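Each chain, letter by letter, is given below.
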Amino acid sequence: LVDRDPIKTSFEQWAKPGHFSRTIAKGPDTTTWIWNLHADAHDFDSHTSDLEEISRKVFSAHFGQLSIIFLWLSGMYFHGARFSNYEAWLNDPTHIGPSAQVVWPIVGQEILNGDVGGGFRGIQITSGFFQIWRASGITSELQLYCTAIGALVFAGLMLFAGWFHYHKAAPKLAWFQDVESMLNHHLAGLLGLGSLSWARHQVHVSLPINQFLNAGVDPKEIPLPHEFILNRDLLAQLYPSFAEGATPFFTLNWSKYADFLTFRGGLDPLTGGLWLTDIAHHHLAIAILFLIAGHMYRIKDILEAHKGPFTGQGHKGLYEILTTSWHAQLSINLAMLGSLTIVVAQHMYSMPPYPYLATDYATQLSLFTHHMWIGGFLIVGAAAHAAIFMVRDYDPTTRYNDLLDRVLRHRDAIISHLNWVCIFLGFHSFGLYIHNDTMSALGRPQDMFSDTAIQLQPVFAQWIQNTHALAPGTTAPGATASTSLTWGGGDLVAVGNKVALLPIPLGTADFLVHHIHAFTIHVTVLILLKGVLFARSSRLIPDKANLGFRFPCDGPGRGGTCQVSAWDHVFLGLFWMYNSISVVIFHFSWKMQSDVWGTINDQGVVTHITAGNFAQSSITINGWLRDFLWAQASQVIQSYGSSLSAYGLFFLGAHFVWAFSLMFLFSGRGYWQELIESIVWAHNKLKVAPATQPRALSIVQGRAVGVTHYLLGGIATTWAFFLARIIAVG
Amino acid sequence: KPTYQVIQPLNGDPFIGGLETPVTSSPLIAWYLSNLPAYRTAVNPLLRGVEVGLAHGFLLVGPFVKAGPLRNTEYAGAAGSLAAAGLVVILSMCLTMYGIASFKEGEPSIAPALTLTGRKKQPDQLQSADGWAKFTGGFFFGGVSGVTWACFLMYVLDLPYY
Amino acid sequence: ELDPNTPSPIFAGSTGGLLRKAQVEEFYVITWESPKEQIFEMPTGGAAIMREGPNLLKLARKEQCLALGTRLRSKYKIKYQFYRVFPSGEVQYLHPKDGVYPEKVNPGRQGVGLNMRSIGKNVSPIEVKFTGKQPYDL
Amino acid sequence: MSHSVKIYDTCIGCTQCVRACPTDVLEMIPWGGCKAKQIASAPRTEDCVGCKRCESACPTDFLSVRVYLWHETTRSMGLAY
Amino acid sequence: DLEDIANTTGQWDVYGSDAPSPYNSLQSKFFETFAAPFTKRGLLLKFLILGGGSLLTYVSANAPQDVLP
Amino acid sequence: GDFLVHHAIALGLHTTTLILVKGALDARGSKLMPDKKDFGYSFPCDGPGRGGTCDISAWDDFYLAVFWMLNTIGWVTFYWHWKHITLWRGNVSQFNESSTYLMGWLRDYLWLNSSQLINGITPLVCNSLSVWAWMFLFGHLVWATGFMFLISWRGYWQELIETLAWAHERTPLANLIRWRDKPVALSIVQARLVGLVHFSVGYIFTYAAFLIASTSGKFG
Ligand code: CLA
Ligand code: CLA
Ligand code: CLA
Ligand code: CLA
Ligand SMILES: CCCCCCCCCCCCO[C@H]1O[C@H](CO)[C@@H](O[C@H]2O[C@H](CO)[C@@H](O)[C@H](O)[C@H]2O)[C@H](O)[C@H]1O
Ligand SMILES: CC1=C(C/C=C(\C)CCC[C@H](C)CCC[C@@H](C)CCCC(C)C)C(=O)c2ccccc2C1=O
Ligand SMILES: CC1=C(C/C=C(\C)CCC[C@H](C)CCC[C@@H](C)CCCC(C)C)C(=O)c2ccccc2C1=O
Ligand code: SF4
Ligand code: SF4
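## With respect to the overall build of chain F
Moving on, step 1. Looking only at helices and strands, chain F features eleven helices and zero strands.
Moving on, step 2. Starting at the N terminus and ending at the C terminus, chain F contains elements arranged as α-α-α-α-α-α-α-α-α-α-α.
Moving on, step 3. Projecting the C-alpha coordinates of chain F onto the three principal axes gives extents of approximately 65 × 55 × 25 Å.
Moving on, step 4. In chain F, buried positions account for 49% of the 220 residues.
Moving on, step 5. Considering only residue pairs separated by 6 or more positions, chain F has 67% of its internal contacts joining residues 24 or more positions apart.
Moving on, step 6. Carbon and sulfur atoms make up 71% of the accessible area of chain F, which amounts to about 10,100 Å² in all.
Moving on, step 7. Charged side chains in chain F number 16 positive and 14 negative. The centres of these two groups are separated by 4 Å.

Shown next, in the form of structure tokens:
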């Protein structure tokens, strides 16, 4: 390509058919290249055979995410502001049931807008702003309206840094191809200087402006816009102005104190969102580390070190090419970023970190399943992109004889095991349930697997739960309750509208879901593991790195020779994970409502959204639609003519879109060709078709329009199924 | 003496697999398995039959006498035989009609010894039908039988258990 | 094996190639030339070196041992050579035979390309009912 | 047939056209006049598996081959092991 | 050279594939023909699959006074 | 309510037949595969390239057909019953303003009128029906387990069996022990069948158990 250059046009390329592999989009017309162009639009086997740029693009086309997450948030802060309900909800929590969005009464619309709290028509929320927002050491609607434009500021600017890259004549190699410092910085002072900084604006301002909110008032009968400077006088109620101490150290006297923190654990009676008196200390006690920690270092050295006998000789030298990969140092990350998201999903529901959550049921489970699909949707990826490594990234083979060349050495092996693992599971991990049916429908309970028939006896208790809620008696200092109230030992009194967390008991019907997870988590990974491992060569095809990591299927021979590849192992690996997460969700809420969520009154006689129906009745896998799907969902199929209605009214579409995927999943290809011409014929008679040769779907595009649909179908189905059984009773 | 044997993938050539690590060929294990049909065919298959029949025999009891269909039996014909003197039988000819994937029809008698064997190309087959009979014949009297000093043994039992 | 140790194509371990069905039936093996000590790619997932001898690696099945070409001719050399080993001898002299480099002319050998009638209007379906007396066994 | 998938064309020239396909196709057997004069559709095909890598490149202008062989050894599918 | 210990007993070494146990307990031909009929195996199995399996199922299912399903 | 199902049984045998008429109207061949013959029917698959070519045997359109014969012969039967049901031990207004839409076809029918059966294994002992509901979940499994066959495609299966048949051969107490048939993964037509001949029973064994398990108490 010209047009023409090198050097010697500014005149930009708008006009002249094509670009992207060289007997390119050819003069001669076609359609396939219009899904080409969008797909693989980002890729790197083309653009140039030379690293250089690519990192100079990804550090820019990156940017436009932050900026975006930044245009987003703004319409959420704005939204969570003038489309109010926040002002109204906060003087009045336990009571309200929040909104931010509202229609405009065009056509049918309005049904969707149904009285939500501080006196107005709207559609609800299961996205816990209104609750980060508890923070506001200040309060005010127009104020969020500054935090809002403060958002659009970071954006335009944190979006003109993206002009101020690639398009501007760019940095180069050394800049990233000296890695030497990167984490040094990152973790030290941002990971640090945020958490740190967050400390300073987490007791300064917030703690006090909810220390005396957890009582009454109406805001501006509290927390001015400046009030919190030098005036270290209201900081007087929430500890000393250090009195006689000077910059910690010890020649200090406490005859009666010990700074803010004074460590909690449990839950505010009046706002059980976990205590804040702590929340500063923990973030402070973070940062320090990061503050000390981001001070390594300059790199091989540490990895060029510990080897052994069978261990990893190539451990030593574990990648020069880890300054020369991406597709590698992205895949690693996704496993972590991803696997480090759904660890949120627990510490959240068994330890709320915001005021008013749990009581708020629906506004932190939405969460625990949204955060849950990322700690999964980012993991199969975290494999895909390793397959993208394993196939291609490096120039030649300069990488040699090491940890990997090792793992591969065995490979019909690491995956030889893992397999049997799964059929051991599955048999012990699902037909287990099927016993029950076949023998409870035969009907002889003597011999089921009930929490009571097969020998276990009115106790689960003695394991580690019961040595967690009881541990404030070790090296442990203490502080009433535990760490997470859901643990075996002691305490009850949690909240005065509805409930929050309490013990959460186990045994079987907790024993075996917990095991289906195993088998589910395991056969997921089998297919990804073997998939990324056998990326490039095999004894079904060895001539098998020769195009890319996709390729439809090699060809009718060898018997099958179809699925193979690794786009496709990252195609049938999604297919499982949709279950992996989709059944983990199914788990939590049936627990968390069967027990936990429920409610106090006199003598606090607890009354769960369901008197533990779980008991003897999830163990039957029909009980999973006797007690679940057919029981709850009665709220989705009753939901017409209401306010939420948009869920029942989705629940048919998307419970349709899924049942459209199979068409894309289950079908041939020269088929819709053979068909597309009958069409093309009738077209030509009137004189109406040929130009831009209309073509069927690109074997693997077809699979691309399976899967993606099967998910946005099979998923939102419950996104509806859910929001419709926590809004309204529960 | 060395880093781990004279350091080797397999017996020798590294183009067969097996990747002889431990759990494969440590004198620690490879000896816990060669009075039996691992490396070398001792006597014929004749006798190995019942140490195989029997050992595998008095298994399958608590499995189907303590996990039995309606379990913990108060029937004098369980805590042992009961039925399971069926598994050995449903499989003591799950075998015989696999020894129809062996024919090769002879009668040498070489379970007595001669000149330090090898059985040489001992791999592959080189155990005809008139061998695989005297084994799966040792299996029946090893299966059925090995089920009764299970049963016959009273049951002085350890238990609980937590 | 060892008492006779005749090697050439360096490797160390691997759960890849050759297993039970290469004795009990057929064998298949590739041989080659090379300049100075160079590290290669490998079928079966692994990777090693060269120098010489015969440079004679043995391989499970012959689709496997020509892939030394589909990359092992993007790494210099005229000469690479795979035969067929049995458990006893010959017939099927695999890269032996006559000339070499599938795209030259000495003889014609087999192939043909036609059937009875050529690609032309076989809208004509299957003809006679299969009956032992009219030239349809080819 | 026993491997019978027609990739034939009319040029049977094989330069920047087609080579790919494990063993099966030792052609260049010049028929007395067909331009770059190398012709037909195969050599001795009782050797290898069932690709359609066979066309994918260099014309067959009609069909292109695939599996059709039925009578199918094992050396004819990777897996006789 | 003291830690040149001339390999404190070579061993010979490689014990062998040679001989680290005698063999199998003398208990044998204490079953000679004892339990034959699979040691008269000369055409059988069809016999033991009507016989054995008509008496793991004839009386095995029937019973004189239920103790029902 | 009947001016729709009656146009949706009509969208069945039409679509079902555009594919069978088509399936048929060139088992002979076409542009993508011109000379598609001497074997016509089940040659399922062809090499990649050309456009990318697949379930383009007149069998695999038959294969593809049987889904809409399993979707017409569902809308039609579905219809009678809801009607009948209602037209018996009760109303008919029911099908009237509640078949003119879609959600409701799921809610009252599908969701109303299963009741009887499923709380029939019930945490509280085996009541009236038990054959049926266990059939009905046997129904939902045989079905679902179609999909493998259907989104799996011999390639992936064969290959790990290549690794999984490095086991035995390389593991003691299970060596020498020879198969007489070489471990492989299902033919590239076979599994389009078996997922189906699987998709079908599940499906046809579900309504079998469904209607009966609900036209039996009823009410109607
Ligand atoms: C006003 C300015 C402007 C102009 C005229 C250009 C022009 C150009 N840029 Mg560019 N760029 C810009 C701003 C601009 N850029 C900014 C602000 C950034 C950083 C944010 C970049 C980062 C960038 C990179 C990495 C690259 C270019 C390249 C190019 C060249 C190819 C452009 C193209 O066709 O992409 C078409 C794409 C668009 C017009 C849209 C850009 C996508 C982002 C910024 C917004 C869209 C996201 C949006 C939310 C859509 C998703 C939601 C959807 C549902 C609506 C071309 C000369 C490329 C090059 O050098 O040649 C290979 C190179 O790849 N640019
Ligand atoms: C940190 C990571 C992140 C990044 C930066 C990338 C980057 C990349 N990935 Mg990738 N990937 C990721 C996470 C990431 N991935 C994860 C988590 C997965 C697992 C699902 C994958 C699975 C994956 C595959 C299989 C592939 C890539 C490929 C690529 C490359 C192609 C990108 C492209 O052209 O856009 C592609 C995006 C589109 C064409 C837009 C279509 C999006 C559709 C499906 C919409 C999604 C549904 C949604 C609900 C619809 C919107 C709403 C609607 C209803 C209105 C690029 C380098 C491709 C490659 O060939 O590598 C070179 C290859 O295809 N990725
Ligand atoms: C085209 C075909 C025909 C038709 C009309 C249907 C229709 C349906 N099938 Mg189906 N199916 C068919 C052939 C067909 N199938 C075949 C051949 C098979 C294989 C044998 C199946 C196998 C199958 C299964 C397994 C399932 C279905 C299901 C469904 C139903 C989903 C419920 C619904 O849509 O409520 C109708 C109400 C609405 C659609 C309201 C929509 C309002 C929303 C979406 C907003 C408005 C639209 C707007 C554009 C969306 C926003 C997007 C925006 C970003 C642009 C739907 C009635 C599913 C079911 O529910 O029970 C069986 C089930 O999953 N089918
Ligand atoms: C409901 C499902 C059906 C079943 C039973 C299975 C089962 C399996 N799939 Mg699978 N799969 C399915 C649908 C199914 N799939 C679908 C629809 C898709 C895609 C749409 C996939 C995509 C897929 C992939 C990519 C993989 C699998 C794998 C597996 C295997 C995992 C190991 C295991 O636990 O198996 C054994 C356990 C079971 C099958 C469940 C227990 C069965 C019960 C009913 C017991 C019956 C036994 C009893 C003796 C019956 C005899 C009685 C007599 C009358 C016959 C397993 C065989 C993986 C694999 O092979 O790894 C090992 C591989 O990762 N699947
Ligand atoms: C749900 C199935 C029962 C199995 C677990 C039962 C074991 C423990 C007993 C009840 C557990 C619930 O704990 C609950 O006890 C009492 C209910 O009588 C309530 O008792 C509360 O009410 C009164 C008001 O002053 C006083 O008697 C107590 O000081 C106070 O704690 C509490 O709200 C709660 O602590
Ligand atoms: C149904 C199906 C098709 C047929 C699907 C097709 C042809 C979808 C493509 C339709 C396009 C998106 C229509 C585009 C036309 C409009 C964009 C043009 C008008 C512009 C708007 C204003 C309407 C395949 O091609 C296929 C391929 C491989 C495996 C499975 C399948 C498969 O299942
Ligand atoms: C699992 C699976 C396999 C693997 C093959 C398997 C798992 C065969 C396993 C045998 C099962 C366990 C036999 C059980 C069936 C019984 C009902 C007995 C059948 C009796 C017949 C004679 C009727 C494929 O080969 C395949 C090929 C093409 C598309 C999809 C797939 C696919 O999904
Ligand atoms: S290149 Fe294709 S003749 Fe030409 S189509 Fe026939 S093999 Fe050669
Ligand atoms: S197309 Fe057929 S003959 Fe040609 S290489 Fe492939 S398998 Fe061999």
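We are not done yet, so read on.
## Remarks on the interface of chain A and chain D
Moving on, step 1. Contact residues are listed per partner, giving ten residues for chain A and nine residues for chain D.
Moving on, step 2. When the two sides are added together, the surface that chain A and chain D hide from each other amounts to roughly 780 Å², 51% of it contributed by carbon and sulfur.
Moving on, step 3. Considering only the surface of chain A that becomes buried against chain D, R539, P556 and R558 of chain A emerge as the three largest contributors, covering 58% of it.
Moving on, step 4. Residues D554 of chain A and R53 of chain D are paired through a salt bridge, measuring 2.5 Å at the closest nitrogen-oxygen approach.
Moving on, step 5. Connecting chain A to chain D are three residue pairs in polar contact.
Moving on, step 6. Residue classes in the side of chain A that touches chain D are distributed as two nonpolar, four polar and four charged.

## Re the environment of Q635 of chain A
Residue and element names in this part refer to chain A.
Moving on, step 1. Within the element layout of this structure, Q635 appears in the loop between α22 (623-629) and α23 (658-665).
Moving on, step 2. Expressed as a C-alpha distance, the spacing of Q635 and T452, which sit 183 residues apart in the sequence, is 32 Å.
Moving on, step 3. Filtering out sequence-adjacent residues up to four positions away, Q635 remains in contact with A724 and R725.
Moving on, step 4. At 2.7 Å, the side chain of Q635 forms a polar contact with the side chain of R725.

## A short note on the site of ligand 4
Moving on, step 1. Around ligand 4 there are 21 residues in total, and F519 and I527 of chain A together with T145, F147 and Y156 of chain F lie nearest to it.
Moving on, step 2. Two or more chains meet at ligand 4, and those chains are chains A and F.
Moving on, step 3. Note that an oxygen atom of ligand 4 is positioned 3.0 Å from one of the backbone N or O atoms of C422 of chain A.
Moving on, step 4. Within the side chain of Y156 of chain F, an N or O atom sits 2.9 Å from an oxygen atom of ligand 4.
Moving on, step 5. For the shell around ligand 4, the secondary structure elements donating two or more residues are α18 (419-427), α20 (513-533) and α21 (572-594) of chain A together with α8 (148-151) and α9 (155-164) of chain F.
Moving on, step 6. Taken together, the residues that form the shell around ligand 4 break down as 18 nonpolar, three polar and no charged.

## Here we look at the packing of aromatic side chains
Moving on, step 1. Tallied over the full model, the rule gives 77 aromatic pairs over all chains.
Moving on, step 2. On the numbers, 6.5 Å between centres and 85° between planes, the contact of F666 of chain A with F199 of chain F is edge-to-face. Placement of the pair is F666 of chain A in the loop between α23 and α24 (670-686) and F199 of chain F in helix α11 (residues 199-212), with the two residues belonging to separate chains. No difference in accessibility class separates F666 of chain A from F199 of chain F, as the two residues are buried.
Moving on, step 3. Geometry around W275 of chain A places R264 of chain A over its ring, the cationic atom sitting 5.7 Å from the centre.
Moving on, step 4. Geometry around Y81 of chain D places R61 of chain C over its ring, the cationic atom sitting 4.7 Å from the centre.

## Details of the interface of chain F and chain A
It is common to give the size of an interface as the accessible area lost on bringing the parts into contact.
Moving on, step 1. Taken residue by residue, the interface counts 58 residues in chain F and 68 residues in chain A.
Moving on, step 2. Taking both sides of the interface into account, the surface hidden between chain F and chain A amounts to around 5,600 Å²; carbon and sulfur atoms contribute 69%.
Moving on, step 3. On the surface where chain F and chain A come into contact, there are one salt bridge.
Moving on, step 4. Across the pair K36 of chain F and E674 of chain A runs a salt bridge whose closest N-O atoms are separated by 1.9 Å.
Moving on, step 5. Run the count over chain F and chain A and you get twelve residue pairs in polar contact.
Moving on, step 6. Contributing elements (two or more residues each) for the side of chain F that touches chain A: α2 (12-25), α3 (59-65), α6 (115-118), α7 (131-144), α8 and α9 of chain F.
Moving on, step 7. The element contributing the most residues to the side of chain F that touches chain A is α9 of chain F, with eight residues.
Moving on, step 8. Taken together, the residues that form the side of chain F that touches chain A break down as 35 nonpolar, 13 polar and ten charged.

## Focus: the nonpolar core
Moving on, step 1. If you look at the biggest cluster of nonpolar residues, it comprises 109 residues, and the most contacted ones within it are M372, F571, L665, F666 and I726 of chain A.
Moving on, step 2. It is α21 of chain A that contributes the most residues to this core, twelve residues altogether.
Moving on, step 3. By size, the runner-up hydrophobic cluster in this structure holds 22 residues, among which are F95, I118, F136 and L137 of chain F.

## A word on the UniProt feature "binding site: [4Fe-4S] cluster" in chain F
Moving on, step 1. Using the residue numbers shown here, the UniProt feature "binding site: [4Fe-4S] cluster" corresponds to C45 and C54 of chain F.
Moving on, step 2. Setting aside its immediate chain neighbours within four residues, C45 of chain F contacts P556 of chain A, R66 of chain D together with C54, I188 and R192 of chain F.
Moving on, step 3. By secondary structure assignment, the location of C54 of chain F is in the loop between α2 and α3.
Moving on, step 4. Among residues more than four places away in sequence, those in contact with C54 of chain F are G668, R669, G670 and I699 of chain A together with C45 of chain F.

## A short note on the UniProt feature "transmembrane region" in chain B
Moving on, step 1. When the UniProt feature table is mapped to this numbering, "transmembrane region" covers residues 83-103 and 137-157 of chain B.
Moving on, step 2. For residues 137-157 of chain B, the end-to-end C-alpha separation is 32 Å, with 52% helix and 0% strand making up the annotated structure.

## Some remarks on the packing of α21 of chain A against helix α26 (residues 708-722) of chain A
Residue and element names in this part refer to chain A.
Moving on, step 1. The geometry of α21 relative to α26 is characterised by a closest axis approach of 11 Å and an angle of 10° between their N-to-C directions. As the angle between them shows, α21 and α26 are arranged roughly parallel. Contact residues: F575, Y578, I585, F586 and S589 in α21; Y710, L711, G714, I715, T718, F721 and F722 in α26.
Moving on, step 2. Classifying every residue of the contact of α21 with α26 by side-chain character gives nine nonpolar, three polar and no charged.

## Focus on unusual backbone geometry
Moving on, step 1. The omega torsion across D5 of chain A and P6 of chain A is 20°, close enough to zero to call that bond cis.
Moving on, step 2. At the junction of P160 of chain B and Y161 of chain B, the peptide bond is cis and its omega measures out at -15° in the coordinates.
Moving on, step 3. Inspection of the secondary structure assignment puts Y161 of chain B in the segment after α4 (148-151).
Moving on, step 4. Its identity as a non-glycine residue notwithstanding, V107 of chain A has a phi of 45°, on the positive side.
Moving on, step 5. Of note, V107 of chain A is situated in the loop between α4 (86-91) and α5 (141-147).

## Topic: α26 of chain A
Residue and element names in this part refer to chain A.
Moving on, step 1. For α26, spanning 15 residues, the distance from its first C-alpha to its last is 21 Å, which sits close to the expected 21 Å at 1.5 Å a residue.
Moving on, step 2. Summarising burial for α26: eleven of the 15 residues are buried, a large majority.
Moving on, step 3. Taken residue by residue, α26 has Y710, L711, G713, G714, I715, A716, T717, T718, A720, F721 and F722 as its buried positions.
Moving on, step 4. Taken together, the buried residues of α26 touch α15 (366-377), α21, α22 and α23.

## So, the side chain of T397 of chain A
Residue and element names in this part refer to chain A.
Moving on, step 1. Relative to the helices and strands, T397 resides in the loop between α16 (381-391) and α17 (403-409).
Moving on, step 2. Note on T397: relative accessible area 17%, which makes it buried.
Moving on, step 3. Polar contacts involving the side chain of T397 include one to the side chain of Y400, which spans 3.4 Å.

## Quick word on the sheet that holds strand β3 (residues 80-83) of chain C
All names here are of chain C.
Moving on, step 1. Ordered in space as β2-β1-β3, the three strands form an open sheet in which the pairing is antiparallel. Edge positions in the open sheet fall to β2 (56-58) and β3, since each of these has one partner strand only. Strand-to-strand twist of the sheet, defined as the mean angle between neighbouring strand axes without regard to direction, takes the value 20°.
Moving on, step 2. Direction of pairing for strand β1 (residues 29-32) relative to β2: antiparallel, over a ladder of three bridges. By the bridge assignment, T31 is partnered in β2 with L56.

## Focus: the packing of α16 of chain A against α20 of chain A
Each packed pair of helices is defined by two parameters, the angle between the axes and the distance between the axes.
All names here are of chain A.
Moving on, step 1. The geometry of α16 relative to α20 is characterised by a closest axis approach of 8 Å and an angle of 15° between their N-to-C directions. Here α20 runs roughly parallel to α16, going by the angle between their axes. Note on packing geometry: the crossing formed by α16 with α20 is right-handed. Two secondary-structure elements touch here, α16 through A383, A387 and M390 and α20 through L528, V532 and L533.
Moving on, step 2. Each residue belonging to the contact of α16 with α20 can be placed in one class, and the counts come to six nonpolar, no polar and no charged.

Each value, and the rule that gives it
- Residues numbered from 1 in each chain as written, not as in the entry; some residues may be left out.
- Chains lettered and ligands numbered in written order.
- Part of a larger assembly, values for the part shown.
- Heavy atoms only, no water.
- Residues with missing side-chain atoms left out of burial classes, pairs and counts.
- Helix = DSSP H or I, 4+ residues; strand = E, 2+ residues; numbered from the N terminus.
- Buried < 20%, exposed > 50% of the residue type's maximum accessible area, 1.4 Å probe, protein only.
- Contact = heavy atoms within 4.5 Å.
- Areas by Shrake-Rupley, 256 points an atom, 1.4 Å probe, with all protein chains shown as cover.
- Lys, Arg positive; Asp, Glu negative; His and termini not counted.
- Charge placed at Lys NZ, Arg CZ, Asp CG, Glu CD.
- Buried area = accessible area lost by both parts, 1.4 Å probe.
- Salt bridge = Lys/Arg side-chain N within 4 Å of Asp/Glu carboxyl O.
- Polar contact = N/O pair within 3.5 Å; in protein donor to acceptor, adjacent residues only side chain to side chain.
- Nonpolar A, V, L, I, M, F, W, Y, C, P; charged D, E, K, R; others polar.
- Near = heavy atom within 4 Å.
- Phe/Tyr/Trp six-rings, centres within 6.5 Å; stacked < 30°, edge-to-face > 60°.
- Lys NZ or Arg CZ within 6 Å of the ring centre and 35° of its normal.
- Core = buried A, V, L, I, M, F, W, Y, C linked by side-chain atoms within 4.5 Å.
- UniProt positions renumbered as here; feature names shortened; annotations may be inferred.
- Axes fitted to C-alpha atoms, helices over the stretch in contact; angles between N-to-C directions.
- Parallel < 35°, antiparallel > 145°, perpendicular 65-115°, else oblique.
- Expected span 1.5 Å × (residues − 1).
- Pairing = 2+ DSSP bridges.
- Left-handed = near helix turned anticlockwise from the far one by under 90°.

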